[PDB]
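Novice: Before I ask anything, here's the sequence and the deposited coordinates:
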Amino acid sequence: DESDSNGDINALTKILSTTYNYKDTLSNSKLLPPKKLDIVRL
Amino acid sequence: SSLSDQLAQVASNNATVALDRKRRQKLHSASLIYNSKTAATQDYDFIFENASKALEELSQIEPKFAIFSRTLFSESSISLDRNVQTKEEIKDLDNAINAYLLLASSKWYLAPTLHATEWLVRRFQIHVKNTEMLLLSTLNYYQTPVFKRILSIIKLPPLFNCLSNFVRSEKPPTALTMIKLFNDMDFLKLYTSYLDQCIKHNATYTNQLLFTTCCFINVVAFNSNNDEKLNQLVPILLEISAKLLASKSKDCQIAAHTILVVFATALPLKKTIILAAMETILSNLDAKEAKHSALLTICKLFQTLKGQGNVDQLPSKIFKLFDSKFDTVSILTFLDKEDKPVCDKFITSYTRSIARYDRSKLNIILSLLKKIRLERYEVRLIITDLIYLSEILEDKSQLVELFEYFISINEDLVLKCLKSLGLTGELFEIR
RNA sequence: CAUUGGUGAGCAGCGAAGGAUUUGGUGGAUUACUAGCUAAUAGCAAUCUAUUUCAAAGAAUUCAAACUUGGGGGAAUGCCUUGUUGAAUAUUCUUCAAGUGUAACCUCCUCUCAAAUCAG
């Protein structure tokens, strides 16, 4: 039965489905996220 | 395994099939109103007559409960016990019971509902035989002592395991137990399977739905640190939000709106996921009462993000969907509100999408840009695209008033980006 | 005063985006690893059923057969054994006695202790 062959209401679901990491870690946002420091002792 | 655990498993297989008569006076004697000494001595017919006596008033309140008189509350539907049926028949019994439960979930403050479902408890052991739907349909009533009675009767599944201390308790189950109940992950997969079931069946009423958002929202409140637990919490909430927006219902729309608001404000998603959120929000923004919430959702949504392309222009489908479901003068009214909430990161992104596809209403942009004190890079980034529409779009008096406003406010900012792009006297040679 | 006691505060000291504890569940080893099932040289493992059945092969203590019982008594009523009596057709069965006969069946033992308490 299940086949793929104005805005559609499947639009959130598909872009969820093509994502596993939903945090934008590919950003290099050049802002600092709060509460969590990526910090390494050297 | 041990023998004793392998045999106490057979208790779970036959917890309702009363074999000794003491098992009957255990299995029949628990019900939703009657005390167990008077609940022990109830004939089946006597309970079914009270069942119809509440069911007729319920069916007269709304006709959708009339069909359970044809099947569940039939006069022929007394003698049949569940365990005598095949599992393929038992599946249809459970289908009827479940569809009745989300139906009566609205009507549960009525003593008609309490007197109707008590027979179903007693005729079909739905405190034990199908207790996941019994609890999920009636989860929001945690303050009401009808539910508190129901807690002392339900064989508790592992999924509802916060209330293992609250069965046969005096004081009602607290609000924090609802969060700790919902703070599990697989419980949330059950609550999707409840709410998605209610969506296609269109049995979604307001009070339980407000309890849904208050629990899901408090889950992301509790997961403000556990960002990896949050990253496995996006699939359960954003699916409920998306499938929520496919409803005709407007309370469900503002429910999914609250979900998206608190989720983006607690965890920064990618920009494209927020574009998906915008498509699903605007693609079902039809009725009036959801528009005031849904505008503030995108106001929060574009503020929740930061990155490369932070205030970039929207796609042409997304922008035309937005300018179909809102006018220009909708946002021209909204920015002149005295609440005036901070949609700062949205306007400077949306004016560019006007400035590339439409370009027809930049007097509207002048009105827009005088309204809000924006961010520093934002005004500069608008002015660069307006330099682009100076160069490639044919120069017009609307843009002349735009840049005259931009010389009235932050002329030197224009001078700096003009030293970046183009020349100063060439911009006087524009118009 | 030793506290060599811990609480309790603390500090030096240790010290990389925690430390310390407690426990549930499951998996892995705890002998040195050649596959599962069946009717098994083979077939199965999606199946052995409308070849599984014919066939062959296949019957001694002429009835050896508690190696097994807490110990004494006895062992009435049973049984066993021969002695002995009748009947039927060389053998069972009726009848009867003798048995420091007897894992049936009756009783006695196989409980009362420098353990403790308690008067003197």
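Specialist: All right, it came through fine. Numbers count the residues shown, from 1 in each chain, chains lettered A, B, ... in the order given.
Novice: Skipping adjacent residues, who's closest to whatever residue of chain A ends up closest to chain B in space?
Specialist: Residue of chain A nearest chain B, by CB to the nearest CB: residue A:7 (3.0 Å). Where you see a C-beta, it was placed from the backbone N, CA and C, and this is true even at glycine. Nearest residue to residue A:7, sequence neighbours excluded (CB to CB, 6 or more residues apart in numbering or on different chains): residue B:283, at 3.0 Å.
Novice: tell me the contacts of that neighbour?
Specialist: If you count contacts by CB atoms under 8 Å, 6 or more residues apart in numbering or on different chains, residue B:283 has them with A:6-9, A:11, B:245, B:321.
Novice: all helices in chain A, in order from the N-terminus.
Specialist: Under the criterion DSSP state H, chain A contains helices at A:11-17.
Novice: Tell me the residues on it that lie near RNA strand C, please.
Specialist: Residues of chain A lying close to RNA strand C by CB under 7 Å from any atom of the strand are A:37-41.
Novice: Any idea which residue of chain B lies closest to chain A?
Specialist: Proximity of chain B to chain A (CB to the nearest CB) peaks at residue B:283, 3.0 Å away.
Novice: Residue A:42 versus that residue, what's the distance?
Specialist: From residue B:283 across to residue A:42, the span is 50 Å (CB to CB, to the nearest Å).
Novice: Equivalent analysis for residue B:228, please.
Specialist: Here residue B:228 is placed at a distance of 25 Å from residue A:42 (CB to CB).
Novice: Look at the two and report which has more neighbours.
Specialist: Using other CB atoms under 10 Å in any protein chain shown as the criterion, residue B:228 and residue A:42 rank with residue B:228 on top: 10 against 3.
Novice: re earlier: what residues are up against the residue of chain A closest to chain B?
Specialist: With CB under 8 Å, 6+ apart, residue A:7 has these contacts: B:279-280, B:282-283, B:317-318, B:321.
Novice: if we go to 7 Å?
Specialist: Counting by CB atoms under 7 Å, 6 or more residues apart in numbering or on different chains, residue A:7 makes contact with B:279, B:282-283, B:317, B:321.
Novice: any idea which of those has the most stuff around it?
Specialist: Top of the contacts of residue A:7 by neighbour count (other CB under 10 Å): residue B:279, with 24 neighbours.
Novice: Burial check on the nearest residue to residue B:430 once chain neighbours are set aside, number of neighbours?
Specialist: The shortest distance from residue B:430 to any non-neighbouring residue, by CB to CB, 6+ apart, is to residue B:390 (5.1 Å). The tally of other residues near residue B:390 (other CB under 10 Å) stands at 21.
Novice: Please identify the helix or strand for residue B:390.
Specialist: helix B:376-391 (DSSP states H and E).
Novice: Near chain A, which residues of chain B are found?
Specialist: B:227, B:231, B:234-235, B:238-239, B:241-242, B:245-246, B:267-273, B:276-277, B:279-280, B:282-284, B:306-308, B:317, B:321 (CB under 7 Å from any CB of the partner chain).
Novice: rerun that using 6 Å as the cut-off
Specialist: Within chain B, the positions near chain A by CB under 6 Å from any CB of the partner chain are B:234, B:238, B:242, B:246, B:269-270, B:273, B:276-277, B:279-280, B:283, B:306-307, B:321.
Novice: Can you name the residue of chain A nearest to RNA strand C?
Specialist: As assessed by CB to the nearest atom of the strand, RNA strand C sits closest to residue A:41 within chain A, at 3.7 Å.
Novice: Could you tell me how many residues sit around that residue?
Specialist: 3.
Novice: same question, residue B:91
Specialist: Using other CB under 10 Å, residue B:91 is surrounded by 10 other residues.
Novice: Give the next helix or strand downstream of the strand or helix carrying it.
Specialist: Following DSSP H and E, one finds residue B:91 within helix B:87-104. Going down the chain from helix B:87-104, the next helix or strand is helix B:111-124, by DSSP H and E.
Novice: Give me the angle between that next one and helix B:87-104.
Specialist: 170 degrees (axes from the mean of the first three to the mean of the last three CA atoms, to 10 degrees).
Novice: how far does helix B:111-124 sit from the chain's center?
Specialist: Here the centre of helix B:111-124 is set off from its chain's centre by 29 Å, with CA atoms, centre = their mean, to the nearest Å.
Novice: next one: stretch B:206-221
Specialist: The mean C-alpha position of stretch B:206-221 is separated from the chain mean by 7 Å, CA atoms, centre = their mean.
Novice: just stretch B:351-365 next, same as before
Specialist: Here stretch B:351-365 is found 34 Å from its chain centre; the criterion is CA atoms, centre = their mean.
Novice: And residue B:183, how far from residue B:157?
Specialist: Where residue B:157 is concerned, residue B:183 sits at a distance of 17 Å (CB to CB).
Novice: picking that back up, now do the phi/psi pair for the residue of chain A closest to RNA strand C.
Specialist: Dihedral pair for residue A:41: phi -70, psi 140, per degrees, to the nearest 10.
Novice: Please list all residues in contact with it.
Specialist: Going by CB atoms under 6 Å, 6 or more residues apart in numbering or on different chains, residue A:41 touches no other residue.
Novice: Look at residue 17 and say how many residues are nearby.
Specialist: Using chain A. By other CB under 10 Å, neighbour count at residue A:17 equals 11.
Novice: hmm, I had chain B in mind actually
Specialist: 13.
Novice: tell me which element it falls in.
Specialist: Applying DSSP H and E, one finds residue B:17 in no helix or strand.
Novice: Skipping its backbone neighbours, what lies nearest it in space?
Specialist: Residue B:17's closest residue in space is residue B:83 (CB to CB, 6+ apart), at 4.7 Å.
Novice: Repeat that for residue B:272.
Specialist: In space, residue B:272 is closest to residue A:15, 6.1 Å off (CB to CB, 6+ apart).
Novice: From residue B:246, how far off is that neighbour?
Specialist: Applying CB to CB to residue A:15 and residue B:246 gives a distance of 15 Å.
Novice: Show the residue spans covered by the helices in the stretch 151-300 of chain B.
Specialist: For the stretch 151-300 of chain B, applying DSSP state H, counting those that start in this stretch gives helices covering B:175-182, B:186-200, B:206-222, B:227-231, B:234-245, B:250-266, B:271-282, B:291-301.
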